[PDB]
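Trainee: My questions all concern the structure below.
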Amino acid sequence: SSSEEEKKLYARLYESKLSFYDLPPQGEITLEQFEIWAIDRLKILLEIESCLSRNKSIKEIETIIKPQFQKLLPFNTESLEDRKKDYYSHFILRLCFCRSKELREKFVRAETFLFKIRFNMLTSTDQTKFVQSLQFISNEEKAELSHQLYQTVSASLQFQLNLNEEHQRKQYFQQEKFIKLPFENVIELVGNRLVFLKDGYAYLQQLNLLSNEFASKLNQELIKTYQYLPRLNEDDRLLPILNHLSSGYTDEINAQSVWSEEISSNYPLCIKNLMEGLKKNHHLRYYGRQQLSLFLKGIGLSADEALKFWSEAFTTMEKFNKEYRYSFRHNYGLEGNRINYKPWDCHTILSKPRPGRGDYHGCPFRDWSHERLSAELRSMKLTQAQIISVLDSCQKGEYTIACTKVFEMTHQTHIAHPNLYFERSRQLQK
Amino acid sequence: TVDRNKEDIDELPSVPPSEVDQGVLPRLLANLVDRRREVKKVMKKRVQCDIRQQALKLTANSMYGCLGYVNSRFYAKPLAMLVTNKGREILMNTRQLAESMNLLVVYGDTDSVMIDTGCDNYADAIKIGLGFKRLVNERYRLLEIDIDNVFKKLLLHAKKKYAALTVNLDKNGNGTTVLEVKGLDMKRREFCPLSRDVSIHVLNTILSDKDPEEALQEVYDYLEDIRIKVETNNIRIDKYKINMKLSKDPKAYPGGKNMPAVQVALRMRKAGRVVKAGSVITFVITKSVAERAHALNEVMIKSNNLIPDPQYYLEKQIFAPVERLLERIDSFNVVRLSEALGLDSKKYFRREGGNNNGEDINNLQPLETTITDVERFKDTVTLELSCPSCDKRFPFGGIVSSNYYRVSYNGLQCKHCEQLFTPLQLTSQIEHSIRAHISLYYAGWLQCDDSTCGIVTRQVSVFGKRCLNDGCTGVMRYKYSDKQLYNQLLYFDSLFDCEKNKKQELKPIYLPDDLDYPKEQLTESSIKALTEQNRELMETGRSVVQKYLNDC
Amino acid sequence: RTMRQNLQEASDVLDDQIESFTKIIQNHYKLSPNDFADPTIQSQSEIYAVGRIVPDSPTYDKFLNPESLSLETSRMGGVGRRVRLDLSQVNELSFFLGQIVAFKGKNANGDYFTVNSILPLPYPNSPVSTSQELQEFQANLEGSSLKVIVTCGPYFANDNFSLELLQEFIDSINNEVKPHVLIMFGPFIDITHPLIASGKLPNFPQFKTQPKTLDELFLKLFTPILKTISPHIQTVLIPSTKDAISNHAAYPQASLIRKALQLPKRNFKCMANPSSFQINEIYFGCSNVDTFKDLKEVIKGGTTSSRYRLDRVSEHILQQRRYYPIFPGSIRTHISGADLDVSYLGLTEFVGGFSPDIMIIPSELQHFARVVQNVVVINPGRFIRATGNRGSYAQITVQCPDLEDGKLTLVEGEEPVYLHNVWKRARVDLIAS
RNA sequence: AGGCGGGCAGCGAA
DNA sequence: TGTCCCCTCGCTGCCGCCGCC
Ligand code: SF4
């Protein structure tokens, strides 16, 4: 087929910015683009699955994945190449994940969630265009049932679109169109009562219905592709790639609470030193920055809350966004190879270079003089015998033993992790 | 004498043949060489005549240089291109001749080679050198090679930087040793005389005939002695001077706030000294780096009470130069060096091992790329070439050792007849081999999976995979699979890819038991230089294969 | 398309040949599908069998006799089995490997198909054109006759790269002959050329910059000469599998890129191999693989042997309706061969089911021009010989179409259409180059 | 804080 | 009037930019 025919067929296929993936793609693409596009969509899908397994909120999920859209598979672009990337990537993963039922379930779940997101950032005009591209009710029928439909959908609009004002809800309802469908296809909404039900028909919460239809059609197409796969088993090129891709699958703590006494009372000595140096200097150096950021990640501080806390502690935004935002997001494993970096344990902390002037990282039981450590203990109401005990532990090089002693006197005995210290201190209050 | 294209100064002429009369330039250069030779015979007052002979050498070198000066009234870019071309050719031929006699060339620089003679005495190496000289001088009518220096021990730091012990004979057959250095941090003007003296002592110790570990211990002892001397400021200030000459006016340096000589020049200009472009700025770092740099004359004034910073010197002026000096020396403990100089050992611990790798499961790796090229090209056959002149047939294996072809500087050369392959005479053969393989692939031979049938035919049934023997259940498959043909085409592509040839990732063309096994193996530096020198030929030979790899 | 060989697609096309010709024979001879049965199984009744002629042994001697042939049934007809042929009861025959045949016989014992008669495959229809089209073509010709010259490669000898005779030929066609369309076949830069094969490519003093690849050799050695061709003479190139300028080494072969050859759009066109095109009302069928030399017949009967071999080849091809019906293709032992892309034999069949008005398949045999089954067959031969002596080229002169002279036969029907009578109007002259 | 990639400037050497 | 001392390669330190562990 010619280039003009391909362009016309594609423009017909993506008259809306989203597609249902009904007709398989037509054209020739290289093995390079095949593998690259399949890997890109698999990366986005693995990220959605990792977000699911952590029970993250929907909003947090799109916040994480929007840059991955801008990087791997950009959406809402008039470029034909990106649209073909999306289409061929979806069908390549369709080919790859159809071998087993578990793979099919995972694929359809992730793809339907991706559809949910993609419909979410699409605008209301674009959403209407895609939906029009399942019978919509006429204007007279909507006007006749306007009161009941408004009563049914008012709560849903308020809770999903955040239209707290009644006038905004009424304006949205005036423009909102509805689809007449039977309750057998909308039973899940009927049970929760999100759809007005009349004479055996449910008046559509349309995203849930669209996603369910997507899941059903996708599962049927996956089964059909599994039926047709033995014919395509004859090619030497694709089989290793499909096999590789199949095996490739296989707040209480916020920016203001970490500053409070309630949370800081559960910190170890090192984290107190980092926190206090941050407060004094409004800035921390690299090893101290990474140490404190990883500890905060271990205690449950979110990426957004970490960014807010780090921005407010560094009392311009230009240099922050240029130089520290990427580091503070990458500690959380949101870019690069996306390493959810494990917080440093006491061995990792003690393996770092010894701090100098202005450097606050490390272990106070090793880097501080005995006088400063002793004074910090008197500030903790530690008696002289206890101070002598922890100093004896420090003098032998058993800094972790000294920290464990400090924990016991201030509050499985041995603690070799600041996050373990914090968790046990929180448990003692729980 | 040289016919050149005057419509494109980048086109390279060829040497005029023998019958053309000696021209103007060779005659003038011969006269100047005779004059400098007469000056040298006068040498054999000495220092003044040495100035004379080096000036005459500079005149001779300028006679070539202005063939590359744009504003020269006698600008001839093609001439300079051709002289440099021929010079590189003679260096390549000299190195290859060295390898022909089983000799180890350890370095070479634009007119010279350094040969490891493997000898424990002077005369044993001198005999080999004279034989080499006699063998090479025969190739040229007027070009002549000659022994320049003899090094008892040679330490190559990097390109253009090395130190050696020169053997200087005396009147009564007596031989003495002298330390000769070229281009190192010692010989620089940016480095203090203190650094020069301590580095001179270090090299004198290492290259001397002492136990290696004992040499390192002696050097270490010297080093902490200098550490104490520098820290206590028990050294005269004069040895702390740093020289840097500014090519531009100190106003026209954008990032001059970091480089210290600009600040020193600004202070001198404010004080009442004349500083302009080309001036040499001397200074001392006292106790940012640029803000603590002051001129000697200001520092020599005791009323200022300026004490040089032992930290900056002990790191950058001393530790780094010695660390560079002993990098390749056996059992060089950089951590111990820093400990002797009191530096942070964690900064040096990451250079020995390259620090911890660090990674998650990176699934961005297609199984196509993960397959080793050796296993890919294992089921391939070598490229066969015919010499256009002597008709000898040899397997081509890229820029690698062989008994039949040499990848000379000008191009591919045959060992039997010494003729040069023109690019067409190689691309045509490449294309012929590729098309013969393709035609064999399209011959459509079929082979049965069954071991007790194994029949090969070009007959196919309307059931393609059904064997044509009565009752045979074996799976019928193409004998020349397109996977094998893709492997062969990728092998032909690899044979002409500069990167793979430079890392020596090409499949060897001979097994160790083959009677045609190359007797002299190419050195890695030789392969890099050749693959850079024949980049056009390799890229064209690769484009010929890419003509058929794009379609496949 | 791509240099891929799929066994299953190959077998599918091989079966489809049998199926299509079975349908054609049933349609022409007004036979019901019930009359056709499996010839590989014993039957007490005479049946109709259609299949492909194949050797009785997969590893076969290079020479074949009427006692060493077999028939290949389709998947549906006989589960693809092959059965031996018993030709004792028929006296006149002409068979070759890869031929599709329509047959009448009986399998008396189970292990042999006893042959009683052969069903001759119907000759495909000839092209037709309306009165307005013929009048327009007559106006185009301005009364004068239609001139076309066909030339075939190689264009230079085996011991030099001189193309002076090409210069003389271009001078002639420009100043004296003045044709309407010129047809040139490949290979232009043959890859089996001896100096090219051995790499003995000499330095050319006649080029300012020496070429570095055979494609540049073509751009510097053929292209400026082809530019000397007059604008008023439209030219067409049909490549061969041996062209070094072609990256498609299979038959069928795609058309060369005219922009890659640097050759002007004003009068130059490049067609594929095989190809079919119209100049005025004329039909061409052009294939650049030597079927005449490669086709090796198994012949019985005095009458069949007494016939000209070229006529027999032409009838075989016209009946088979594909330009190179031999399967497997010929090989040259490896040096070259037919290089059949068996996955794409569909492109090799006659376009639209029409017998071409002029069928041109260059061959290494002696130049000839013959009329077979109202279809003219032309082979102008190689433009040069191996020794460099004068070769041959064919000039085709066709009288201007006229409805009044009666040389165009009207076809009865509601739509008035006229068959072209090429053999009545075309004079083919084979000129020494 | 560290390795890599491209850019500028200074400099020793053929 | 306004000039010059071959380019090119490799080596080291400094500075700003980008991605990463
Ligand atoms: S022992 Fe571990 S947790 Fe305690 S202060 Fe030292 S580094 Fe921190």
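Protein chains in written order, with PDB author numbering: chain B, 42 to 174, 180 to 250, 254 to 299, 317 to 381, 387 to 482, 494 to 512; chain 1, 882 to 925, 932 to 1174, 1188 to 1452; chain C, 248 to 580, 606 to 705. From the three backbone atoms N, C-alpha and C, an ideal C-beta is built for every residue, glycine too.
Take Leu-278 (chain B) and list the residues in its own chain whose beta-carbon comes closer than 7 Å to its own, dropping the five residues that flank it on each side.
Mentor: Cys-139
Trainee: With a threshold of 7 Å (Cβ to nearest heavy atom), would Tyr-1213 (chain 1) be considered close to ligand 1?
Mentor: no
Trainee: For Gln-494 (chain B), which of helix, strand or coil comes out of DSSP?
Mentor: coil
Trainee: With distances taken between CB atoms, is the gap from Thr-482 (chain C) to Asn-514 (chain C) smaller than 8 Å?
Mentor: yes
Trainee: Is the beta carbon of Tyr-431 (chain B) less than 8 Å from the beta carbon of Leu-340 (chain B)?
Mentor: yes
Trainee: Measuring only between beta-carbons, confirm whether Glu-319 (chain C) sits less than 8 Å from chain 1.
Mentor: yes
Trainee: Curious, which full-length alpha helix (DSSP H) runs of at least 4 residues does the segment 1117-1162 of chain 1 contain?
Mentor: As summarised for the segment 1117-1162 of chain 1, the continuous alpha helix (DSSP H) elements at least 4 residues long and confined to that stretch are 1147-1158, given in chain order.
Trainee: Under 8 Å between C-beta atoms, does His-1316 (chain 1) make it to chain C?
Mentor: no
Trainee: Just to check my reading of the structure: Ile-300 (chain C) and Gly-345 (chain C) have Cβ atoms closer than 8 Å, yes? What is that Cβ distance to the nearest angstrom?
Mentor: Confirmed, about 7 Å.
Trainee: Can you list the residues near ligand 1, meaning Cβ strictly closer than 6 Å to any non-hydrogen atom, in the order they appear in the chain?
Mentor: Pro-334 (chain B), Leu-335 (chain B), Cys-336 (chain B), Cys-417 (chain B), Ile-420 (chain B), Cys-434 (chain B), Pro-435 (chain B), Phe-436 (chain B), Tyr-470 (chain B), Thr-471 (chain B), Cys-474 (chain B), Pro-500 (chain B) and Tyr-503 (chain B)
Trainee: Counting contacts by CB-CB distance shorter than 8 Å, is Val-1444 (chain 1) in contact with chain C?
Mentor: yes
Trainee: Would you list the residues sitting across from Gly-1016 (chain 1) in a DSSP beta bridge?
Mentor: In DSSP, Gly-1016 (chain 1) forms no bridge with anything.
Trainee: Which chain C residues are close to residue 853 (chain 1), counting only those with a beta carbon under 8 Å from its beta carbon?
Mentor: Shown here, chain 1 extends from 882 to 1452; a query on residue 853 (chain 1) therefore has no answer.
Trainee: Take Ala-1148 (chain 1) and list the residues in its own chain whose beta-carbon comes closer than 7 Å to its own, dropping the five residues that flank it on each side.
Mentor: Counting only Cβ-Cβ distances below 7 Å, and skipping sequence neighbours, we find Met-1131, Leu-1133, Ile-1168 and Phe-1170.
Trainee: List, from N- to C-terminal side, the beta strand (DSSP E) runs of 3 residues or more that fit wholly inside the segment 608-684 of chain C.
Mentor: 630-632, 640-644, 647-651, 665-670 and 681-683
Trainee: Relative to the alpha-carbon of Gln-671 (chain C), which residue among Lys-394 (chain C), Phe-310 (chain C) and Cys-517 (chain C) has its alpha-carbon at the smallest distance?
Mentor: The residue among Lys-394 (chain C), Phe-310 (chain C) and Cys-517 (chain C) with its C-alpha nearest the C-alpha of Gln-671 (chain C) is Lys-394 (chain C).
Trainee: Does any residue of chain 1 bring its CB to less than 8 Å from the CB of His-606 (chain C)?
Mentor: yes
Trainee: I need the straight-line Cα distance from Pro-426 (chain B) to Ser-359 (chain B), nearest angstrom please.
Mentor: 17 Å
Trainee: Looking at C-alpha atoms only, which residue of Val-905 (chain 1), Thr-1431 (chain 1) and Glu-1223 (chain 1) is the closest neighbour of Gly-1311 (chain 1)?
Mentor: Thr-1431 (chain 1)
Trainee: Nearest-angstrom Cα distance between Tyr-129 (chain B) and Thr-1269 (chain 1)?
Mentor: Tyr-129 (chain B) and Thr-1269 (chain 1) have their alpha carbons spaced roughly 21 Å apart.
Trainee: Around the Cβ of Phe-403 (chain C), are there at least 16 other Cβ atoms within 10 angstroms (buried) or fewer (exposed)?
Mentor: Label assigned to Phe-403 (chain C): buried.
Trainee: Could you compute how far the alpha carbon of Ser-477 (chain C) sits from the alpha carbon of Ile-504 (chain C)?
Mentor: 21 Å
Trainee: Measuring alpha carbon to alpha carbon, tell me which residue in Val-614 (chain C), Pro-302 (chain C), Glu-562 (chain C) and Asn-661 (chain C) is nearest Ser-341 (chain C).
Mentor: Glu-562 (chain C)
Trainee: Express the C-alpha separation of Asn-1036 (chain 1) and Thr-1053 (chain 1) in angstroms, rounding to a whole number.
Mentor: If you take the alpha carbons of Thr-1053 (chain 1) and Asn-1036 (chain 1), they lie about 6 Å apart.
Trainee: How would you label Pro-401 (chain C), buried or exposed, when you count the other beta carbons within 10 angstroms and need 16 or more for buried?
Mentor: buried
Trainee: Check whether chain 1 comes within 8 Å of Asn-450 (chain C), counting only Cβ atoms and requiring the distance to be less than that.
Mentor: yes
Trainee: Leaving aside the five residues before and after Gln-194 (chain B) along the sequence, list all residues of the same chain whose C-beta is less than 7 Å from its C-beta, in chain order.
Mentor: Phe-242
Trainee: Is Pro-289 (chain B) close to chain 1, meaning its C-beta is less than 8 Å from at least one C-beta of that chain?
Mentor: yes
Trainee: Can you give me the C-alpha to C-alpha distance between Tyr-1380 (chain 1) and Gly-1344 (chain 1), rounded to a whole angstrom?
Mentor: 8 Å
Trainee: With contact counted as at least three CB pairs below 8 Å, one residue from each stretch, are the segment 1325-1332 of chain 1 and the segment 444-463 of chain C in contact?
Mentor: yes
Trainee: Any C-beta of chain C sitting closer than 8 Å to the C-beta of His-1332 (chain 1)?
Mentor: It does: the Cβ of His-1332 (chain 1) has a partner Cβ on chain C nearer than 8 Å.
Trainee: Between the Cα of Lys-84 (chain B) and the Cα atoms of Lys-100 (chain B), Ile-106 (chain B) and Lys-97 (chain B), which residue gives the shortest distance?
Mentor: Ranked by how close their Cα comes to the Cα of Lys-84 (chain B), the residues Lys-100 (chain B), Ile-106 (chain B) and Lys-97 (chain B) have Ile-106 (chain B) in first place.
Trainee: Here's a check: name, in chain order, each residue in its chain whose Cβ is nearer than 6 Å to the Cβ of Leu-1226 (chain 1), leaving out the five neighbours to either side.
Mentor: So the list reads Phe-1232, once near-sequence residues are dropped.
Trainee: Which of the three DSSP states is assigned to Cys-1079 (chain 1) in this structure?
Mentor: coil
Trainee: Could you round the C-beta distance between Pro-435 (chain B) and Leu-335 (chain B) to whole angstroms and report it? I think they count as a contact, below 8 Å.
Mentor: 4 Å
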